[PDB]
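Consider the single chain below, provided in structure tokens and representing the form deposited in one PDB entry.
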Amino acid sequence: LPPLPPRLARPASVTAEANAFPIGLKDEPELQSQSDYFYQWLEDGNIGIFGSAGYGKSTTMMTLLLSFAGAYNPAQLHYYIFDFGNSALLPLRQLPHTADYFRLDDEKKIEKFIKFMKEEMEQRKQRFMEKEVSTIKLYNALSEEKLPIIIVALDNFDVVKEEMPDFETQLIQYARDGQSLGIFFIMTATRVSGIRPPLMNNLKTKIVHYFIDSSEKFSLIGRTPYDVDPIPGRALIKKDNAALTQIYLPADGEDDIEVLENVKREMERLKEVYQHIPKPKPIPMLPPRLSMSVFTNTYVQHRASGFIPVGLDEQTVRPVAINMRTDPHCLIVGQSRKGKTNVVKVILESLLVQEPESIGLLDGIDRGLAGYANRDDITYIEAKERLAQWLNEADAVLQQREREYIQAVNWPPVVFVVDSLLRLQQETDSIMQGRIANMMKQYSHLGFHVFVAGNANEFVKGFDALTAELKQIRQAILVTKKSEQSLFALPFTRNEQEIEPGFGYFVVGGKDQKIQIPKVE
């Protein structure tokens, strides 16, 4: 009955850790008056915002998230924003509470969010079982280290309804089994046609703005005595009953820009208040680019001997390393212009800092490792007689080590690096290829390591002893598809992506892992 104004600004956030938020001015016919509509924290559950274009769906979302942010710090509240419209939730990306920001085409990013949520819900259910509780409200009441509330904010659900099936199933899980774990879901939507019942029924609070066709309103909420006028912000908010309400604006302002300017100021203020509070981490993602300098410093946390860091795990964004103690040898398998020489550089850079006794470097055709020559540990090999000298010199040391081993108790690395296997078998005979193969099965435990790079066909072409010995090596770095090499039997599909310089596969023990290889320069 009482006339509702067209524009109202929300009250100032003046209650730390509030349990109720004024989101709009509602008509209360039972009193024939007006008062704030208070959304109950946790209890009122997930929020579904509906209405036609231009009637305040995204505006309501902004008022909610900014209100919650004023009461809780980024350690208590985490935002995951899915902006599947026209960047309506883009400003909120600067909120300290915003853990990550997702877009409609962020396919890799979204799939990793799903992985995180599945694990996070698992961990939370396991933390509850220890405290013998079933609610985060109970857990955070009996715990020293409290769990942060997670909110999945999704704008424009219309694109999920059709274009993204696998992602919708997860959203249904979040809405159905999320409240108890501390995970809540707020979403806007225009067309309510294909919103499944297990999602709609888990949207306890429904904020329904004006619809051009009254049919959609009847689908969301039941029959009502009152209807909403075509006024932006005007809505029927149903939880138990529908209350005619004018939703509050995100901030003060006589027009849109003035409001948006004040919103930006408020977010700067929250940034000042919560400055001493740690902000949530984003979903573990691989960097756009990766240099050896960056990889060595900010990623390699542990620099232990006998371990060779070769790249970043795609899934965990953590460095995978070669265990020289359990896998003394390694193959660099790849294709034309894929990253073979660069991987060799990574191994060499990982060496030279572990105090090797000697490093025999047999460069390839292009001479792309001539810069590593003349170093105080590297024996750059060009000629055939020079190679024979290094092998026989390595033979002497490894033989004495065998005599030092028999004498005393149960080694600094003696390393033989081959940038090109094709070039090796082009400047040597099948007899010397047997000598190298012999040293591998005789001195492997005495600190002798080999690293041979080359294209996939180079490892399967030969019938010689060296080829036979190399195809028994279980550890490898693949700068090629798993479906384009005959050395290792690895699971794959036709839909596996193509490899490009900067990526590859870390292979050991019959298992593999997509890795990001740093660029050495």
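Quick note: we count residues from 1 along the sequence shown, nothing fancier.
Per the record, residue 410 and residue 411 are separated by 4 to 9 deposited residues that are missing from the model. Comparing the deposited coordinates for 157-165 and 319-327, the stretch with the larger average C-alpha B-factor is 157-165.
Between 130-138 and 440-448, the higher mean Cα B-factor belongs to 130-138. The entry assigns its greatest Cα B factor, within the set 341, 86, 335, 215, to 215.
Reading the B-factor column for the CA atoms of 420, 354, 291, 245 in the entry, the top value corresponds to 354. When the modelled residues of the chain are ordered by their C-alpha B factor, residue 481 lands in the middle third.
In the deposited entry, the Cα temperature factor of residue 474 sits in the middle third of values across the chain's modelled residues. For residue 81, the recorded CA B-factor ranks within the lowest third of the chain. Only modelled residues enter the ranking. Compared with the other modelled residues of the chain, the Cα B-factor recorded for residue 458 ranks in the middle third. In this PDB entry, residue 48 carries a Cα temperature factor that places it within the lowest third of its chain's modelled residues.
One more form of this protein should be noted, the form deposited in another entry, which is absent from this view; the next part is about it.
Between residue 123 and residue 513, the Cα spacing is smaller in the other entry than in the shown form, differing by no less than 3 Å. Relative to this form, the distance between the C-alpha atoms of residue 228 and residue 62 is increased by at least 3 angstroms in the other entry.
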